[PDB]
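Enquirer: build me a structure from this.
(6 chains)
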Amino acid sequence: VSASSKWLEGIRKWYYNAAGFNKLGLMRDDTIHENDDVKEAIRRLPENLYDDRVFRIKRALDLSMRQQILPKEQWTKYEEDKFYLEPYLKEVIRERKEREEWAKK
Amino acid sequence: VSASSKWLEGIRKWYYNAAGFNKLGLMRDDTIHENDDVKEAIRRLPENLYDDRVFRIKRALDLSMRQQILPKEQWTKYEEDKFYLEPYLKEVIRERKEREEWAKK
Amino acid sequence: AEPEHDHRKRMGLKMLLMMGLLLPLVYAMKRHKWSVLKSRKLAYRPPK
Amino acid sequence: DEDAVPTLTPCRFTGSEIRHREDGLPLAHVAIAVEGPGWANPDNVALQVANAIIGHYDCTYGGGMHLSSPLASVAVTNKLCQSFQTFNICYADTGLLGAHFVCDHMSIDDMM
Amino acid sequence: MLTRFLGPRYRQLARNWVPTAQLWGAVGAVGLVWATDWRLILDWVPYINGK
Amino acid sequence: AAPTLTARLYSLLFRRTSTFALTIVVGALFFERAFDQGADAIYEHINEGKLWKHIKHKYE
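Expert: Residues are numbered from 1 along each chain as shown, chains lettered A, B, ... in the order given. Dropping the coordinates below:
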C-alpha cells in the first residue's frame, strides 16, 4: 500500500483513504467479491486466519454502522500486509484451473 | 352386523350394504373419522392389528378405484367382528378423559 | 381549480407542525431503538 | 475497626449479554435468571414461592408429559430444550433466580 | 362444553381478566367515539362542542 | 411528579397497555378540536380577505 500502491493500491491506500478499504484497515484479500471459487476458497481457509478475518470483518461492519473509522494511526499499516489467501486462493486458482484443466481435457 | 344391527348397524350392514362399509368389508373401528384422539389412539395400536387394518384400508381403496366390491360372499361376515380399537380406543377415551380429568381438576 | 388554495392551504399549516413534531419524535424513536446497537462492545479475544 | 467500612451504593449491574462466541461450544449450556435471593429484601419470601412457581426443569428429570411447570411440559412435548433450572443469584435485596438451560440451534426464542 | 372452561379455576381466570376486560372495552368504545364523532354521542360532548 | 408523569403516568397511565391507549384517544379529542381551533386562528390572522365580508357585505 505504498506510493505507487499508495496512488494505485492507493486507490486502496491513499484513495482508499478515499475509497476506504485499507484506511478502514480492511483485509486486502477480504475485498474479493464473493464467488463460488471464492466460496470454497474460504472453506479451505486457515483457522487462526479465519478468526482474524472474522474480527476484521465484523469490526468493519461496526464502524460502518458507526459511520466512523479507526484512528488514522489505527488506519492500517501500509504495505506490510500478508497476502492471506493468495497462496491459498491462488492455489485454488490452479485448482479451478485444474478441474478447469482436465475439464478442458 | 345383525338384523337389528343389520337394519341399524345395518346402516352398516344391510344399509351398508347400502352405505357400503361392511358389505365393502370395512373395519368397524376403522370408520371413525380421524381425530387427534383417534390419531395417537392409532399410534398406540397393536402391531399385527396395524398390518391388518392396513391391508383392509388399502384394499378398500383398491376396489374403490375399481368402483367394484368383493363377492357378496366375500362381503364381510356379519356380527362376528372384533371391536379392534374399542378396548384400546375406549381405554384412550378414559385417557383423554384423564388428561381431561385432572385437566378438569 | 384551487379554491382549497385557501382550504388546502390551511391543512398545509398543520403539516408543517406534524412533521416538525413527528419527524423529531419519529427520528427519536428510531434512535430510541437503535441506540444500544450504536455503542456495542464486542470482543475479539482469540484464546492464546 | 480503624477505617474503611463503606456500605453498598446502589447502581445497575451490567445489564447486557455476551456470547463467548463459540463454534466450539458443542451444545448450548444455556441459562437465565430473575431476581435471586441475596441477604435483605422482605419480598423474596413470596419470590421464593414465586421462584417455586418458577421451578427448575431438570434434564435428568423424567415425567415431562406430566411435568408441572407448563414450560417444562411443552419443553417435553416440543422437546423444546435440553435443560432449564431456576437458579437464584444473590445480593442483599436483589439478584436473579432462573433457569439454567441446554439447547441446540433452536430453543432460546420460545424459551423466553 | 362450556364445562371445559367452566370451573373455579377458569372462573378465577375470568376474575383476573375482568378489570382489563373493562379496559380494552373502553378502548373500543371511545375509539368509536373519536373516530365517528357520531352526532348521537357527539351532542353530549362539552367544549368538544364544535359549534 | 414528572417522575410520576414518566412513572405514574407510566404507572397510573402508560403502564397498563389499554390505559396507554385510552389515554391516546383521550388526547385524540382534545388535540383534534384544539389544533382545529388554533389552526383556524392562524389562517384567521393570515388574511381577513373573505367571510369577514358579510359585515362588509352588509350581512343582510
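Enquirer: how far off centre is stretch E:39-51?
Expert: Distance of stretch E:39-51 from its chain centroid, counting by Cα atoms, centre = their mean, to the nearest Å, is 20 Å.
Enquirer: stretch A:25-43 now?
Expert: Distance of stretch A:25-43 from its chain centroid, counting by Cα atoms, centre = their mean, is 7 Å.
Enquirer: how about that stretch and chain C, any contact?
Expert: No - under the criterion of Cβ under 8 Å from any Cβ of the partner chain, chain C is not reached by stretch A:25-43; the shortest gap measures 13.1 Å. All C-beta atoms are positioned from the backbone trio N, CA, C, and that covers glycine.
Enquirer: got the end-to-end distance for that stretch?
Expert: By Cα to Cα, to the nearest Å, the extent of stretch A:25-43 from end to end equals 23 Å.
Enquirer: burial measure for the residue in chain D that chain A sits nearest to, as a count.
Expert: Residue of chain D nearest chain A, by Cβ to the nearest Cβ: residue D:21 (9.0 Å). Residue D:21: 14 surrounding residues under other Cβ atoms under 10 Å in any protein chain shown.
Enquirer: residue contacts, it?
Expert: Contacts for residue D:21 (Cβ atoms under 8 Å, 6 or more residues apart in numbering or on different chains) come out as none.
Enquirer: just give the nearest non-adjacent residue to whichever residue of chain A sits closest to chain C, would you?
Expert: Nearest residue of chain A to chain C, counting by Cβ to the nearest Cβ: residue A:55, 3.6 Å away. Nearest non-adjacent residue to residue A:55, counting by Cβ to Cβ, 6 or more residues apart in numbering or on different chains: residue C:44, 3.6 Å away.
Enquirer: what do you get for residue A:79?
Expert: Spatially, and ignoring its direct neighbours in sequence, residue A:79 is nearest to residue A:2 (4.6 Å; Cβ to Cβ, 6+ apart).
Enquirer: mind checking how far that neighbour is from chain F?
Expert: Per Cβ to the nearest Cβ, to the nearest Å, residue A:2 is found 57 Å from chain F.
Enquirer: who touches that residue in this structure?
Expert: By Cβ under 8 Å, 6+ apart, the residues touching residue A:2 are A:9-10, A:13, A:78-79.
Enquirer: how about TSV for the residues you listed, with distance to residue B:36 added?
Expert: Shown next, in TSV, are those (distance: Cβ to Cβ, whole Å):
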residue	distance to residue B:36
A:9	68
A:10	70
A:13	68
A:78	69
A:79	70
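Enquirer: ok, the nearest residue to residue A:28 once chain neighbours are set aside - contacts?
Expert: Nearest residue to residue A:28, sequence neighbours excluded (Cβ to Cβ, 6+ apart): residue A:81, at 5.5 Å. For residue A:81, the contacting residues are A:1, A:22, A:27-28, by Cβ under 8 Å, 6+ apart.
Enquirer: any idea which element residue E:46 lies in?
Expert: Residue E:46 belongs to no helix or strand when assigned by DSSP states H and E.
Enquirer: report how many residues lie close to it.
Expert: Residue E:46: 6 neighbours (other Cβ under 10 Å).
Enquirer: show the backbone phi and psi for it.
Expert: phi -80, psi 140 (degrees, to the nearest 10).
Enquirer: for the longest helix that chain F contains, what is the distance to the chain centroid?
Expert: If you go by DSSP state H, chain F has its longest helix at helix F:17-46. Chain-centre distance of helix F:17-46: 3 Å, with Cα atoms, centre = their mean.
Enquirer: for it, buried residues please.
Expert: Applying a neighbour-count criterion of 16 or more other Cβ atoms under 10 Å in any protein chain shown, one finds F:18-19, F:21-22, F:25, F:29, F:33 buried in helix F:17-46.
Enquirer: and the angle for the strand or helix carrying residue E:10 with helix F:17-46?
Expert: In this structure, residue E:10 sits in helix E:8-36 according to DSSP H and E. For helix E:8-36 against helix F:17-46, the angle by axes from the mean of the first three to the mean of the last three Cα atoms, to 10 degrees is 10 degrees.
Enquirer: other SSEs contacting helix E:8-36?
Expert: helix F:17-46 (3 or more Cβ pairs under 8 Å, 6 or more residues apart in numbering or on different chains; DSSP states H and E).
Enquirer: quick check, the helix or strand just after the helix it packs on touching chain C?
Expert: Heading C-terminal from helix F:17-46, the first helix or strand you meet, by DSSP H and E, is helix F:53-56. No - if you take Cβ under 8 Å from any Cβ as the test, helix F:53-56 misses chain C, and the best it gets is 13.1 Å.
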